[PDB]
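Structure first, commentary second.
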Amino acid sequence: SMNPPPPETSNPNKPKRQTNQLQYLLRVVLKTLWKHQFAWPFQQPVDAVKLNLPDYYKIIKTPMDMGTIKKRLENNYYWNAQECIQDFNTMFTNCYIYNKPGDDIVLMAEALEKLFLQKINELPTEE
Ligand SMILES: CNC(=O)c1ccc(-n2nc(Cn3cccn3)nc2-c2cn(C)c(=O)c3ccccc23)cc1
């Protein structure tokens, strides 16, 4: 079995900025979710080899995880907040697509997503 290459966290061809909204996404949003008791399945790319999920990357064609997001924020990969928000939403959606309703992992994603929505609700206005 083989994992795909992880999502890009570095790309000199891609435009980027440092902004207060992206700062908030790191300092408030990412940090809040990262420390949660249920964060651990979402802190790195799904290792379909070690986890014995050979169909994972047949079903999930746009993988995303908070490890990748954390790196993208820290390494200034993004142009705007929407790109980062999209990554979070992709991660949650992937979880719900792959896993069965009522699985623990779905409940775990839900707990993180609740907090995500609470924090994004107060995304600051652009400076
Ligand atoms: C973003 N990541 C995922 O989407 C993900 C990651 C791991 C798992 N795998 N892989 C195993 C190992 N295995 C293979 C065959 C039998 N067992 N078991 C789980 C797992 C299943 N279920 C129902 C859960 O609720 C759950 C909650 C937290 C962590 C793992 C799980 C499922 C989804």
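Identifiers for the structure tokens are assigned positionally: chains receive A, B, ... in sequence, residues are indexed from 1 per chain, and ligands are indexed from 1 in the order shown.
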
>> ligand 1: which residues are within 8 Å, counting only C-alpha atoms and all ligand atoms? Reply as a PyMOL selection string.
In response: chain A and resi 41-42+45-48+51-53+65+91+94-96+98-100+102-108

> Counting only C-alpha atoms, what is within 9 Å of range 110-118 of chain A, bar same-chain residues fewer than 6 positions away, as a PyMOL selection string?
Replying inline: chain A and resi 29-30+32-34+36+38-39+88-89+92

Residues from last step as file, C-alpha atoms, as a PDB file, in the first residue's frame:
```pdb
ATOM      1  CA  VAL A  29      -8.911  29.183  15.048  1.00  0.00           C
ATOM      2  CA  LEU A  30      -6.116  26.656  14.454  1.00  0.00           C
ATOM      3  CA  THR A  32      -8.329  26.274  19.499  1.00  0.00           C
ATOM      4  CA  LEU A  33      -9.002  23.196  17.377  1.00  0.00           C
ATOM      5  CA  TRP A  34      -5.436  21.864  17.728  1.00  0.00           C
ATOM      6  CA  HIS A  36      -9.034  19.931  21.602  1.00  0.00           C
ATOM      7  CA  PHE A  38     -10.590  15.182  19.703  1.00  0.00           C
ATOM      8  CA  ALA A  39      -7.987  16.880  17.481  1.00  0.00           C
ATOM      9  CA  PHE A  88     -10.829  23.512   7.119  1.00  0.00           C
ATOM     10  CA  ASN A  89     -14.148  22.855   5.380  1.00  0.00           C
ATOM     11  CA  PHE A  92     -14.474  18.275   7.805  1.00  0.00           C
TER      12      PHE A  92
END
```

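Between residue 69 in chain A and the residues A:35, A:22, A:119, A:12, the shortest atom-to-atom distance, using only C-alpha atoms, involves A:22.
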
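In this structure, CA of residue 26 in chain A sits 21.5 Å away from CA of residue 62 in chain A.
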
>> Considering only alpha helix (DSSP H) as DSSP defines it on the backbone, what residues of range 16-100 of chain A qualify? List them as a PyMOL selection string.
In response: chain A and resi 20-24+31-35+56-59+66-74+81-98

Convert the current residue selection to file output with N, CA and C atoms, as a compact mmCIF listing (two decimals), in the first residue's frame.
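Listing of result.txt after writing:
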```txt
# COMPACT_ATOMS: atom_id res chain seq x y z
N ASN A 20 -4.12 40.28 9.02
CA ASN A 20 -4.66 40.10 10.36
C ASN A 20 -5.70 38.98 10.42
N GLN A 21 -6.44 38.78 9.32
CA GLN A 21 -7.39 37.67 9.25
C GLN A 21 -6.68 36.32 9.27
N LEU A 22 -5.58 36.20 8.52
CA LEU A 22 -4.81 34.97 8.53
C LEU A 22 -4.10 34.77 9.86
N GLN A 23 -3.67 35.87 10.49
CA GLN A 23 -3.11 35.80 11.83
C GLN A 23 -4.11 35.23 12.83
N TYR A 24 -5.37 35.68 12.73
CA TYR A 24 -6.45 35.19 13.57
C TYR A 24 -6.72 33.70 13.32
N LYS A 31 -5.26 27.18 16.69
CA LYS A 31 -4.84 26.88 18.05
C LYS A 31 -5.96 26.27 18.90
N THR A 32 -7.19 26.78 18.75
CA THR A 32 -8.33 26.27 19.50
C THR A 32 -8.64 24.82 19.14
N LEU A 33 -8.70 24.54 17.84
CA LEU A 33 -9.00 23.20 17.38
C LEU A 33 -7.86 22.24 17.70
N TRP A 34 -6.61 22.71 17.55
CA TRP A 34 -5.44 21.86 17.73
C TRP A 34 -5.33 21.26 19.13
N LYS A 35 -5.74 22.02 20.14
CA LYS A 35 -5.61 21.61 21.53
C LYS A 35 -6.77 20.74 22.02
N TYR A 56 -9.30 4.85 1.07
CA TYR A 56 -9.42 6.22 1.53
C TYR A 56 -9.18 7.21 0.39
N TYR A 57 -8.06 7.05 -0.32
CA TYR A 57 -7.68 7.98 -1.37
C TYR A 57 -8.31 7.67 -2.73
N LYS A 58 -9.18 6.66 -2.79
CA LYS A 58 -10.13 6.51 -3.89
C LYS A 58 -11.36 7.39 -3.69
N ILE A 59 -11.80 7.51 -2.43
CA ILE A 59 -12.99 8.28 -2.09
C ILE A 59 -12.65 9.75 -1.87
N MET A 66 -5.24 19.33 9.61
CA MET A 66 -4.78 20.50 10.34
C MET A 66 -3.26 20.62 10.39
N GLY A 67 -2.54 19.50 10.25
CA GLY A 67 -1.09 19.57 10.14
C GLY A 67 -0.68 20.42 8.93
N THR A 68 -1.30 20.11 7.80
CA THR A 68 -1.10 20.85 6.56
C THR A 68 -1.52 22.31 6.72
N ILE A 69 -2.68 22.54 7.34
CA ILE A 69 -3.18 23.89 7.52
C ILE A 69 -2.24 24.69 8.41
N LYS A 70 -1.78 24.07 9.51
CA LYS A 70 -0.86 24.71 10.43
C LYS A 70 0.40 25.16 9.70
N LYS A 71 0.97 24.27 8.87
CA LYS A 71 2.16 24.59 8.10
C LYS A 71 1.89 25.71 7.10
N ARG A 72 0.73 25.65 6.43
CA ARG A 72 0.36 26.67 5.46
C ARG A 72 0.26 28.04 6.12
N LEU A 73 -0.31 28.09 7.33
CA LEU A 73 -0.41 29.34 8.07
C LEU A 73 0.97 29.83 8.52
N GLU A 74 1.74 28.94 9.15
CA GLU A 74 3.06 29.29 9.66
C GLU A 74 4.05 29.68 8.56
N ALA A 81 -8.07 34.74 3.81
CA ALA A 81 -8.73 33.89 4.78
C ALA A 81 -9.58 32.80 4.14
N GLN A 82 -10.27 33.14 3.04
CA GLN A 82 -11.17 32.20 2.40
C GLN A 82 -10.46 30.91 1.98
N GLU A 83 -9.22 31.03 1.48
CA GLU A 83 -8.44 29.86 1.12
C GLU A 83 -8.24 28.91 2.30
N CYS A 84 -7.96 29.50 3.47
CA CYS A 84 -7.73 28.73 4.68
C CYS A 84 -9.02 28.12 5.22
N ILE A 85 -10.08 28.93 5.28
CA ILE A 85 -11.40 28.45 5.66
C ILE A 85 -11.81 27.27 4.78
N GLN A 86 -11.53 27.39 3.47
CA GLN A 86 -11.85 26.32 2.54
C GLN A 86 -11.14 25.03 2.95
N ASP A 87 -9.85 25.13 3.32
CA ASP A 87 -9.10 23.97 3.76
C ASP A 87 -9.74 23.29 4.98
N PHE A 88 -10.12 24.08 5.98
CA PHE A 88 -10.83 23.51 7.12
C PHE A 88 -12.11 22.79 6.69
N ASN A 89 -12.90 23.45 5.84
CA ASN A 89 -14.15 22.85 5.38
C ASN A 89 -13.93 21.57 4.58
N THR A 90 -12.87 21.54 3.76
CA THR A 90 -12.51 20.32 3.05
C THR A 90 -12.21 19.19 4.03
N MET A 91 -11.46 19.49 5.09
CA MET A 91 -11.09 18.48 6.07
C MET A 91 -12.35 17.89 6.71
N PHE A 92 -13.26 18.75 7.16
CA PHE A 92 -14.47 18.27 7.80
C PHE A 92 -15.31 17.45 6.83
N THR A 93 -15.49 17.99 5.62
CA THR A 93 -16.28 17.32 4.59
C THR A 93 -15.72 15.95 4.26
N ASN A 94 -14.39 15.85 4.11
CA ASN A 94 -13.75 14.56 3.86
C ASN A 94 -14.12 13.54 4.93
N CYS A 95 -14.09 13.98 6.19
CA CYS A 95 -14.44 13.11 7.30
C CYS A 95 -15.86 12.58 7.17
N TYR A 96 -16.80 13.46 6.83
CA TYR A 96 -18.20 13.07 6.75
C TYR A 96 -18.47 12.20 5.53
N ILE A 97 -17.73 12.45 4.44
CA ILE A 97 -17.86 11.66 3.22
C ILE A 97 -17.35 10.24 3.45
N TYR A 98 -16.16 10.12 4.03
CA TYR A 98 -15.53 8.82 4.15
C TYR A 98 -16.19 7.93 5.20
```

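Comparing the minimum interatomic distances between residue 120 in chain A and each of A:11, A:25, A:16, A:5, counting only C-alpha atoms, we find that A:25 sits nearest.
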